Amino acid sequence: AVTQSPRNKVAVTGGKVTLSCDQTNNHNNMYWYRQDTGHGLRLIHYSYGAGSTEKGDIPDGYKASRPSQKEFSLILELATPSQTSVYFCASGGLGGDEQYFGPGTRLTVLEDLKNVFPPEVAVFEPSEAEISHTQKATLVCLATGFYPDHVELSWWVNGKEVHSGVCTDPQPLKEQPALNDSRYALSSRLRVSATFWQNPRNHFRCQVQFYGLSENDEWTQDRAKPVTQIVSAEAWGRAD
């Protein structure tokens, strides 16, 4: 396997960040990539064996360390906003050919933590008009006011995650599009049969995993520290 730590991190400009990759494949070769919309996967640094590393295509701002076969670290000595990205480590064997990727680290580097906000979440109940016309019922979930822009939304029916009938916006939208600083919203739909919605013993929950500050982060404001957290909203089926 290939594992990475941390999986999610929000950092401030000027701080030091270290990303760790550990492999149990006994593979000679390891790689650090970043992934950004429109730019694909770009190689930062790589290593063809313990005690060596070499510069990739975009090494600037990053150092790498390969102390052993199993470990490959990426070091940001002075984190800057353009280092906001998804980073992947990968391993491969001498003579090739598959590269085996880790699960990814999402890093956001901010100027300051004052604009970090968890989402508010609301669930909207199906329309009587939809039900009578289609025999189907769509619930809407709206997550609003969050920053930074990454959440994971999931639907839960009677305590189990569902996928059928689920449709989610591909990307969050900016609530104030004219600003660099804007907070974000995201919507998702769950569609079920009218009869399932009309049963009052069915429980529906929109869950939003938000990624924010950690527990060893300093916080000096008169509002709740916007930690990594789940925010949910829920609705019960309605008999009429």
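Residue positions are given as counts along the sequence shown, with the first one as 1.
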Selected stretch [higher average CA B-factor]: 116-124 or 155-163: 116-124
Of 204-212 and 167-175, the one with larger mean CA B-factor: 167-175
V192 - Cα temperature factor, lowest/middle/highest third of chain: lowest
Ranked against its chain, the third holding the CA B-factor of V140: middle
Ranked C-alpha temperature factor of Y48 among modelled chain residues, by third: middle
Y33 CA temperature factor, ranked by third within the chain: lowest
Cα B factor band for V86 (lowest, middle or highest third within the chain): lowest
